$ cat upload-v8.pdb   # PDB, N, CA and C atoms
ATOM      1  N   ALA A   1       0.825  -1.202   0.000  1.00  0.00           N
ATOM      2  CA  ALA A   1       0.000   0.000   0.000  1.00  0.00           C
ATOM      3  C   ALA A   1       0.863   1.258   0.000  1.00  0.00           C
ATOM      4  N   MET A   2       0.285   2.366  -0.450  1.00  0.00           N
ATOM      5  CA  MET A   2       1.001   3.635  -0.502  1.00  0.00           C
ATOM      6  C   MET A   2       0.389   4.645   0.463  1.00  0.00           C
ATOM      7  N   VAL A   3       1.168   5.053   1.460  1.00  0.00           N
ATOM      8  CA  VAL A   3       0.702   6.016   2.450  1.00  0.00           C
ATOM      9  C   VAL A   3       1.055   7.442   2.038  1.00  0.00           C
ATOM     10  N   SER A   4       0.257   8.400   2.498  1.00  0.00           N
ATOM     11  CA  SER A   4       0.483   9.803   2.175  1.00  0.00           C
ATOM     12  C   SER A   4       0.562  10.647   3.444  1.00  0.00           C
ATOM     13  N   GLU A   5       1.421  10.232   4.370  1.00  0.00           N
ATOM     14  CA  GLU A   5       1.592  10.949   5.628  1.00  0.00           C
ATOM     15  C   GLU A   5       2.239  12.311   5.395  1.00  0.00           C
ATOM     16  N   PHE A   6       3.139  12.374   4.419  1.00  0.00           N
ATOM     17  CA  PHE A   6       3.831  13.616   4.095  1.00  0.00           C
ATOM     18  C   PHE A   6       2.995  14.473   3.149  1.00  0.00           C
ATOM     19  N   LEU A   7       2.218  13.815   2.296  1.00  0.00           N
ATOM     20  CA  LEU A   7       1.370  14.516   1.338  1.00  0.00           C
ATOM     21  C   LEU A   7       0.091  15.013   2.004  1.00  0.00           C
ATOM     22  N   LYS A   8      -0.310  14.342   3.078  1.00  0.00           N
ATOM     23  CA  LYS A   8      -1.515  14.716   3.809  1.00  0.00           C
ATOM     24  C   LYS A   8      -1.295  16.007   4.593  1.00  0.00           C
ATOM     25  N   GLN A   9      -0.073  16.525   4.540  1.00  0.00           N
ATOM     26  CA  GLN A   9       0.265  17.757   5.245  1.00  0.00           C
ATOM     27  C   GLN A   9       1.056  18.700   4.344  1.00  0.00           C
ATOM     28  N   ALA A  10       1.847  18.125   3.443  1.00  0.00           N
ATOM     29  CA  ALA A  10       2.653  18.915   2.521  1.00  0.00           C
ATOM     30  C   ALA A  10       1.840  20.056   1.918  1.00  0.00           C
ATOM     31  N   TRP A  11       0.564  19.795   1.664  1.00  0.00           N
ATOM     32  CA  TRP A  11      -0.321  20.801   1.087  1.00  0.00           C
ATOM     33  C   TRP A  11      -1.133  21.499   2.171  1.00  0.00           C
ATOM     34  N   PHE A  12      -1.351  20.802   3.282  1.00  0.00           N
ATOM     35  CA  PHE A  12      -2.115  21.355   4.394  1.00  0.00           C
ATOM     36  C   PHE A  12      -1.220  21.577   5.611  1.00  0.00           C
ATOM     37  N   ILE A  13      -0.965  22.842   5.927  1.00  0.00           N
ATOM     38  CA  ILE A  13      -0.125  23.189   7.067  1.00  0.00           C
ATOM     39  C   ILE A  13      -0.773  24.277   7.916  1.00  0.00           C
ATOM     40  N   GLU A  14      -1.200  23.906   9.119  1.00  0.00           N
ATOM     41  CA  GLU A  14      -1.837  24.853  10.028  1.00  0.00           C
ATOM     42  C   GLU A  14      -0.805  25.500  10.949  1.00  0.00           C
ATOM     43  N   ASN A  15      -0.950  26.804  11.166  1.00  0.00           N
ATOM     44  CA  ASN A  15      -0.032  27.542  12.025  1.00  0.00           C
ATOM     45  C   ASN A  15       0.084  26.879  13.394  1.00  0.00           C
ATOM     46  N   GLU A  16      -1.028  26.337  13.879  1.00  0.00           N
ATOM     47  CA  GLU A  16      -1.051  25.674  15.177  1.00  0.00           C
ATOM     48  C   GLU A  16      -0.108  24.472  15.191  1.00  0.00           C
ATOM     49  N   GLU A  17      -0.091  23.729  14.090  1.00  0.00           N
ATOM     50  CA  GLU A  17       0.764  22.553  13.976  1.00  0.00           C
ATOM     51  C   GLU A  17       1.932  22.820  13.031  1.00  0.00           C
ATOM     52  N   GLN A  18       2.433  24.050  13.052  1.00  0.00           N
ATOM     53  CA  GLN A  18       3.549  24.434  12.196  1.00  0.00           C
ATOM     54  C   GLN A  18       4.877  24.286  12.933  1.00  0.00           C
ATOM     55  N   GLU A  19       5.974  24.359  12.186  1.00  0.00           N
ATOM     56  CA  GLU A  19       7.304  24.233  12.769  1.00  0.00           C
ATOM     57  C   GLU A  19       7.801  25.578  13.289  1.00  0.00           C
ATOM     58  N   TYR A  20       8.021  25.657  14.596  1.00  0.00           N
ATOM     59  CA  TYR A  20       8.493  26.887  15.221  1.00  0.00           C
ATOM     60  C   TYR A  20       9.031  26.616  16.622  1.00  0.00           C
ATOM     61  N   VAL A  21      10.098  27.319  16.987  1.00  0.00           N
ATOM     62  CA  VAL A  21      10.709  27.156  18.301  1.00  0.00           C
ATOM     63  C   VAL A  21       9.938  27.930  19.364  1.00  0.00           C
ATOM     64  N   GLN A  22       9.928  27.400  20.583  1.00  0.00           N
ATOM     65  CA  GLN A  22       9.228  28.042  21.689  1.00  0.00           C
ATOM     66  C   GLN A  22       9.979  29.280  22.166  1.00  0.00           C
ATOM     67  N   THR A  23       9.295  30.421  22.160  1.00  0.00           N
ATOM     68  CA  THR A  23       9.898  31.676  22.591  1.00  0.00           C
ATOM     69  C   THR A  23       9.238  32.196  23.862  1.00  0.00           C
ATOM     70  N   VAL A  24      10.049  32.458  24.881  1.00  0.00           N
ATOM     71  CA  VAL A  24       9.542  32.963  26.152  1.00  0.00           C
ATOM     72  C   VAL A  24       8.843  34.305  25.970  1.00  0.00           C
ATOM     73  N   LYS A  25       8.193  34.775  27.028  1.00  0.00           N
ATOM     74  CA  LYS A  25       7.484  36.049  26.989  1.00  0.00           C
ATOM     75  C   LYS A  25       8.152  37.073  27.900  1.00  0.00           C
TER      76      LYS A  25
END
$ encode --input "upload-v8.pdb" --output "structure tokens"
Amino acid sequence: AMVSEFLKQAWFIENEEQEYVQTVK
């Protein structure tokens, strides 16, 4: 079978689940 774990997000990227480092306040 062919999975699309990378394609299921490659086109869909939410800011909430985006790549970013934690910055203090």
$ select_by_dssp --input "upload-v8.pdb" --residues "chain A" --states "helix (DSSP H, G or I)" --output "PyMOL selection string"
chain A and resi 7-10+15-17
$ write_last_selection --input "upload-v8.pdb" --atoms "N, CA and C atoms" --output "PDB file, in the coordinates of the input"
ATOM      1  N   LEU A   7       2.218  13.815   2.296  1.00  0.00           N
ATOM      2  CA  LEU A   7       1.370  14.516   1.338  1.00  0.00           C
ATOM      3  C   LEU A   7       0.091  15.013   2.004  1.00  0.00           C
ATOM      4  N   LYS A   8      -0.310  14.342   3.078  1.00  0.00           N
ATOM      5  CA  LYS A   8      -1.515  14.716   3.809  1.00  0.00           C
ATOM      6  C   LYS A   8      -1.295  16.007   4.593  1.00  0.00           C
ATOM      7  N   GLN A   9      -0.073  16.525   4.540  1.00  0.00           N
ATOM      8  CA  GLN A   9       0.265  17.757   5.245  1.00  0.00           C
ATOM      9  C   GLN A   9       1.056  18.700   4.344  1.00  0.00           C
ATOM     10  N   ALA A  10       1.847  18.125   3.443  1.00  0.00           N
ATOM     11  CA  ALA A  10       2.653  18.915   2.521  1.00  0.00           C
ATOM     12  C   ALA A  10       1.840  20.056   1.918  1.00  0.00           C
ATOM     13  N   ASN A  15      -0.950  26.804  11.166  1.00  0.00           N
ATOM     14  CA  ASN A  15      -0.032  27.542  12.025  1.00  0.00           C
ATOM     15  C   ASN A  15       0.084  26.879  13.394  1.00  0.00           C
ATOM     16  N   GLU A  16      -1.028  26.337  13.879  1.00  0.00           N
ATOM     17  CA  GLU A  16      -1.051  25.674  15.177  1.00  0.00           C
ATOM     18  C   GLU A  16      -0.108  24.472  15.191  1.00  0.00           C
ATOM     19  N   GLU A  17      -0.091  23.729  14.090  1.00  0.00           N
ATOM     20  CA  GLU A  17       0.764  22.553  13.976  1.00  0.00           C
ATOM     21  C   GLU A  17       1.932  22.820  13.031  1.00  0.00           C
TER      22      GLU A  17
END
$ atom_distance --input "upload-v8.pdb" --atom1 "atom N of residue 7 of chain A" --atom2 "atom C of residue 23 of chain A"
29.2 Å
$ atom_distance --input "upload-v8.pdb" --atom1 "atom CA of residue 17 of chain A" --atom2 "atom C of residue 3 of chain A"
19.3 Å
$ build_atoms --input "upload-v8.pdb" --residues "segment 5-24 of chain A" --atoms "N, CA, C and O atoms" --output "PDB file, in the frame of the given file"
ATOM      1  N   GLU A   5       1.421  10.232   4.370  1.00  0.00           N
ATOM      2  CA  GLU A   5       1.592  10.949   5.628  1.00  0.00           C
ATOM      3  C   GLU A   5       2.239  12.311   5.395  1.00  0.00           C
ATOM      4  O   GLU A   5       1.930  13.284   6.084  1.00  0.00           O
ATOM      5  N   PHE A   6       3.139  12.374   4.419  1.00  0.00           N
ATOM      6  CA  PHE A   6       3.831  13.616   4.095  1.00  0.00           C
ATOM      7  C   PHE A   6       2.995  14.473   3.149  1.00  0.00           C
ATOM      8  O   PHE A   6       3.055  15.702   3.191  1.00  0.00           O
ATOM      9  N   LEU A   7       2.218  13.815   2.296  1.00  0.00           N
ATOM     10  CA  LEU A   7       1.370  14.516   1.338  1.00  0.00           C
ATOM     11  C   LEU A   7       0.091  15.013   2.004  1.00  0.00           C
ATOM     12  O   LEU A   7      -0.517  15.986   1.557  1.00  0.00           O
ATOM     13  N   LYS A   8      -0.310  14.342   3.078  1.00  0.00           N
ATOM     14  CA  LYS A   8      -1.515  14.716   3.809  1.00  0.00           C
ATOM     15  C   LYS A   8      -1.295  16.007   4.593  1.00  0.00           C
ATOM     16  O   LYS A   8      -2.215  16.520   5.229  1.00  0.00           O
ATOM     17  N   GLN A   9      -0.073  16.525   4.540  1.00  0.00           N
ATOM     18  CA  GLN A   9       0.265  17.757   5.245  1.00  0.00           C
ATOM     19  C   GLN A   9       1.056  18.700   4.344  1.00  0.00           C
ATOM     20  O   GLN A   9       0.952  19.920   4.464  1.00  0.00           O
ATOM     21  N   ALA A  10       1.847  18.125   3.443  1.00  0.00           N
ATOM     22  CA  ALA A  10       2.653  18.915   2.521  1.00  0.00           C
ATOM     23  C   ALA A  10       1.840  20.056   1.918  1.00  0.00           C
ATOM     24  O   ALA A  10       2.361  21.148   1.690  1.00  0.00           O
ATOM     25  N   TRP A  11       0.564  19.795   1.664  1.00  0.00           N
ATOM     26  CA  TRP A  11      -0.321  20.801   1.087  1.00  0.00           C
ATOM     27  C   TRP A  11      -1.133  21.499   2.171  1.00  0.00           C
ATOM     28  O   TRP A  11      -1.554  22.645   2.006  1.00  0.00           O
ATOM     29  N   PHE A  12      -1.351  20.802   3.282  1.00  0.00           N
ATOM     30  CA  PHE A  12      -2.115  21.355   4.394  1.00  0.00           C
ATOM     31  C   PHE A  12      -1.220  21.577   5.611  1.00  0.00           C
ATOM     32  O   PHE A  12      -0.772  20.622   6.246  1.00  0.00           O
ATOM     33  N   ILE A  13      -0.965  22.842   5.927  1.00  0.00           N
ATOM     34  CA  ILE A  13      -0.125  23.189   7.067  1.00  0.00           C
ATOM     35  C   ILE A  13      -0.773  24.277   7.916  1.00  0.00           C
ATOM     36  O   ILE A  13      -0.882  25.427   7.491  1.00  0.00           O
ATOM     37  N   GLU A  14      -1.200  23.906   9.119  1.00  0.00           N
ATOM     38  CA  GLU A  14      -1.837  24.853  10.028  1.00  0.00           C
ATOM     39  C   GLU A  14      -0.805  25.500  10.949  1.00  0.00           C
ATOM     40  O   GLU A  14       0.100  24.834  11.450  1.00  0.00           O
ATOM     41  N   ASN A  15      -0.950  26.804  11.166  1.00  0.00           N
ATOM     42  CA  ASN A  15      -0.032  27.542  12.025  1.00  0.00           C
ATOM     43  C   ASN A  15       0.084  26.879  13.394  1.00  0.00           C
ATOM     44  O   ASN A  15       1.158  26.860  13.996  1.00  0.00           O
ATOM     45  N   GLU A  16      -1.028  26.337  13.879  1.00  0.00           N
ATOM     46  CA  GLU A  16      -1.051  25.674  15.177  1.00  0.00           C
ATOM     47  C   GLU A  16      -0.108  24.472  15.191  1.00  0.00           C
ATOM     48  O   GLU A  16       0.585  24.228  16.178  1.00  0.00           O
ATOM     49  N   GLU A  17      -0.091  23.729  14.090  1.00  0.00           N
ATOM     50  CA  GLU A  17       0.764  22.553  13.976  1.00  0.00           C
ATOM     51  C   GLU A  17       1.932  22.820  13.031  1.00  0.00           C
ATOM     52  O   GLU A  17       2.367  21.930  12.300  1.00  0.00           O
ATOM     53  N   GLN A  18       2.433  24.050  13.052  1.00  0.00           N
ATOM     54  CA  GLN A  18       3.549  24.434  12.196  1.00  0.00           C
ATOM     55  C   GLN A  18       4.877  24.286  12.933  1.00  0.00           C
ATOM     56  O   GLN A  18       4.904  24.111  14.150  1.00  0.00           O
ATOM     57  N   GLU A  19       5.974  24.359  12.186  1.00  0.00           N
ATOM     58  CA  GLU A  19       7.304  24.233  12.769  1.00  0.00           C
ATOM     59  C   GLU A  19       7.801  25.578  13.289  1.00  0.00           C
ATOM     60  O   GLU A  19       7.980  26.525  12.522  1.00  0.00           O
ATOM     61  N   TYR A  20       8.021  25.657  14.596  1.00  0.00           N
ATOM     62  CA  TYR A  20       8.493  26.887  15.221  1.00  0.00           C
ATOM     63  C   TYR A  20       9.031  26.616  16.622  1.00  0.00           C
ATOM     64  O   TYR A  20       8.490  25.789  17.358  1.00  0.00           O
ATOM     65  N   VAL A  21      10.098  27.319  16.987  1.00  0.00           N
ATOM     66  CA  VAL A  21      10.709  27.156  18.301  1.00  0.00           C
ATOM     67  C   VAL A  21       9.938  27.930  19.364  1.00  0.00           C
ATOM     68  O   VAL A  21       9.363  28.982  19.086  1.00  0.00           O
ATOM     69  N   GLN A  22       9.928  27.400  20.583  1.00  0.00           N
ATOM     70  CA  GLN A  22       9.228  28.042  21.689  1.00  0.00           C
ATOM     71  C   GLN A  22       9.979  29.280  22.166  1.00  0.00           C
ATOM     72  O   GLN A  22      11.154  29.205  22.530  1.00  0.00           O
ATOM     73  N   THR A  23       9.295  30.421  22.160  1.00  0.00           N
ATOM     74  CA  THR A  23       9.898  31.676  22.591  1.00  0.00           C
ATOM     75  C   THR A  23       9.238  32.196  23.862  1.00  0.00           C
ATOM     76  O   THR A  23       8.018  32.358  23.917  1.00  0.00           O
ATOM     77  N   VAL A  24      10.049  32.458  24.881  1.00  0.00           N
ATOM     78  CA  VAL A  24       9.542  32.963  26.152  1.00  0.00           C
ATOM     79  C   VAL A  24       8.843  34.305  25.970  1.00  0.00           C
ATOM     80  O   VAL A  24       8.892  34.903  24.894  1.00  0.00           O
TER      81      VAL A  24
END
